[PDB]
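Below you'll find only one chain, the form deposited without the partner chain, shown as structure tokens.
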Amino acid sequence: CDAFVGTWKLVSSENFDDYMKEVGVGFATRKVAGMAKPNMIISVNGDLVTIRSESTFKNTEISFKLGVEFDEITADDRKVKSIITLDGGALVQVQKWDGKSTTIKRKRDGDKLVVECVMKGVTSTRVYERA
């Protein structure tokens, strides 16, 4: 995942609040999340990939091996089971919790890193550029 390594800054967001609505995130949390312009930091050490999201009010970090299911506490505090695989040059993440699931794809588009989140038909697209 060499094409993903680096620090990325959010440049645009589309339908993110609707996605969080669908995920079940509370109003207050949605408002904070929407004000935040996080920096995504991706690094690789051996077979362990680390994705870190930093924002003034909440930093999240997940370290994982591609293909191995792991426990993740999301920014909105959901305890989920996540699995991330490398498919077609994109990092495809599936989070499962309480019989529900959502997919988060991180892919390269030109010189940008695009993150697409899908929850029951609702799709959010967030574009990042290198910091």
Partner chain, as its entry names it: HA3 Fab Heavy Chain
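Positions refer to the first chain, counted from 1. Basically, rigid core = biggest C-alpha set you can superpose within 1.5 Å across the two forms.
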After a rigid core fit, does 54-62 or 76-84 show more C-alpha displacement in 9 other deposited structures of this protein? 54-62
Greatest C-alpha divergence in 9 other deposited structures of this protein once each structure is fitted on the rigid core, 96-104 or 28-36: 28-36
Stretch with the greater mean C-alpha B-factor as recorded in the entry, comparing 34-42 against 75-83: 34-42
18-26 versus 106-114 - greater average Cα B-factor per the deposited record: 18-26
Which listed residue, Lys65, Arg52, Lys58, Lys96, has the largest C-alpha temperature factor in the record? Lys58
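Not pictured, yet referred to below: the form solved in complex with the partner chain.
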Is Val25 one of the residues lying within 4.5 Å of the partner chain in the entry with it bound, judged by heavy atom distances? yes
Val32: touches the partner chain in the entry with it bound, heavy atom cutoff 4.5 angstroms: yes
4.5 Å heavy atom contact, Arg78 and the partner chain in the entry with it bound: yes
Within 86-114, which residues have a heavy atom closer than or equal to 4.5 Å from the partner chain in the entry with it bound? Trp97, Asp98, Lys100
